[PDB]
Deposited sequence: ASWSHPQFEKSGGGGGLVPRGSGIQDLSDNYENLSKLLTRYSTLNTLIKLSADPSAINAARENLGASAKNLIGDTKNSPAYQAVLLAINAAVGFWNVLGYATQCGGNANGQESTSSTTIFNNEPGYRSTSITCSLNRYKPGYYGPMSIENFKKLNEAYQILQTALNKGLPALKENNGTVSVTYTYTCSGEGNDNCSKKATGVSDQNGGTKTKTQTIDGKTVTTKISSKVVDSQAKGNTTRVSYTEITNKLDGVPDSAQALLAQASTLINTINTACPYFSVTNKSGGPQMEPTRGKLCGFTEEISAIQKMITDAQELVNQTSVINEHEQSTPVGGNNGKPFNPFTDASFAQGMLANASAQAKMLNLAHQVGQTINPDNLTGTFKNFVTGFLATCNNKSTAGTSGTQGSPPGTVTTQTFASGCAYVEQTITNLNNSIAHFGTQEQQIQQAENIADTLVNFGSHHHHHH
């Protein structure tokens, strides 16, 4: 019996009254449009935006902490080298804005040096992420923005083939250029090569080298695209699993352990992978939201009272939209809880509080590599956790409105079925 229900659950009686009233249904649909703008059209006040940003900064931060400690070297085919130094610019090396790959004789691989092939793949993702963070990420609904990215590396030493025609695609080592394209979007890449002799003036390093410049135009800076870059960054590290050893700075924070393999940070890498996975799922709700616009008013037909049993074909879409928004909100929350130091324990808590949520740069803007970036995240991790919480706090009303819109629609789908 139903009077008996609506006695103990009077909240349910109100819900049914609201579901029979086009004017309350339309109000709930307006609210869904406004909370959608907040989630996918805004930046500072979008929980969704803040969690995407957090997932990306945690990946970048992880490399800013450990990159300088990581062995790399060898030649182009993942082969060991006899005497190859390959240096990657705008990377957070030890007291330096470059990372030097100069480990010879050892075969590249697991618990050894990172091959130059993996490092190139890693470095490209890093430079793209850093350029995008620096310019500022766009709102989740902006899917056709692009950024330009430029980066350089150098090869020296007898036998070093990491800047060759085969590694690069460029015909003449001195002055040559090659253009290739790639992928929904066309990304154009221009690669250029130059040779600097050992004696040339303005060559302080005492040796001959080849320089490769890569210029990428039309790089997508959408959230989905950047998360894919962050995933590439962290997965390359985890799969290559190179040896590292840290300079334990004889003063404050202490790295645990000091020698080892990079994938030995299992809790940290898992957490970051899980953040990225959750932010990807979160950003996928965007198209669910766009596909089920809630802006048309609903309300009977033929000047005849609204009938919740027959006239509610729109309910399916309203439910899917409301559910997609709630899911965004919850995933955004899950992202923050994966990395928030308040709920973390031991080794993993030290890593985040002592290194990842720290910056040693003399705030400097996002995406800036200095000679003191190494061993600190320098990716605004603490500020982002804080802004995620601030934005969740300012989403109180909207979350209730979304749950109400979902309940209304769910009632109409039940009645229609």
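- Positions of the deposited sequence absent from the coordinates, in order: 1-32, 216-217, 397-405, 461-466.
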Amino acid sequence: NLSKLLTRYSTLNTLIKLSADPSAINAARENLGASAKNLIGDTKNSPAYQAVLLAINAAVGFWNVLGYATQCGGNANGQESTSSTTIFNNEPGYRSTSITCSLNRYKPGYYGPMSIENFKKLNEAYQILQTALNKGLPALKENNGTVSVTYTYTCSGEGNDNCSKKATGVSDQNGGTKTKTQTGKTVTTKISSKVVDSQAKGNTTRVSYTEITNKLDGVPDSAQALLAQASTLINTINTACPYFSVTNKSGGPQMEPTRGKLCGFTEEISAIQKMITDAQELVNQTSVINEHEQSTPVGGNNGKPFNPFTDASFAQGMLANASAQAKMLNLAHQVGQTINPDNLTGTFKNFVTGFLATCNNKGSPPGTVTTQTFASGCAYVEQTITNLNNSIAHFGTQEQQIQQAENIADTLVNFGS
From here on, numbers count along this sequence of modelled residues.
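- Across the other compared structures of the same protein with both neighbouring residues present, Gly300 lacks coordinates in at least a third.
- Relative to one another, 400-408 and 10-18 have unequal mean CA B-factors, and 10-18 is the one with the higher figure.
- The stretch with the higher mean CA B factor, choosing between 254-262 and 319-327, is 254-262.
- Which of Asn301, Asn235, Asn123, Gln130 has the largest Cα B-factor in the deposited entry comes down to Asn301.
- Highest C-alpha temperature factor among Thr213, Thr186, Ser98, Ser270, as the PDB entry reports it: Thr186.
- In this PDB entry, the Cα temperature factor of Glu142 sits in the top third of its chain's modelled residues, the highest group.
- Compared with the other modelled residues of the chain, the Cα B-factor recorded for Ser313 ranks in the highest third.
- The PDB entry assigns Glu80 a C-alpha temperature factor belonging to the middle third of its chain's modelled residues.
- Per the deposited record, the Cα B-factor of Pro365 falls in the highest third when ranked against the other modelled residues of its chain.
- When the modelled residues of the chain are ordered by their C-alpha B factor, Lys165 lands in the highest third.
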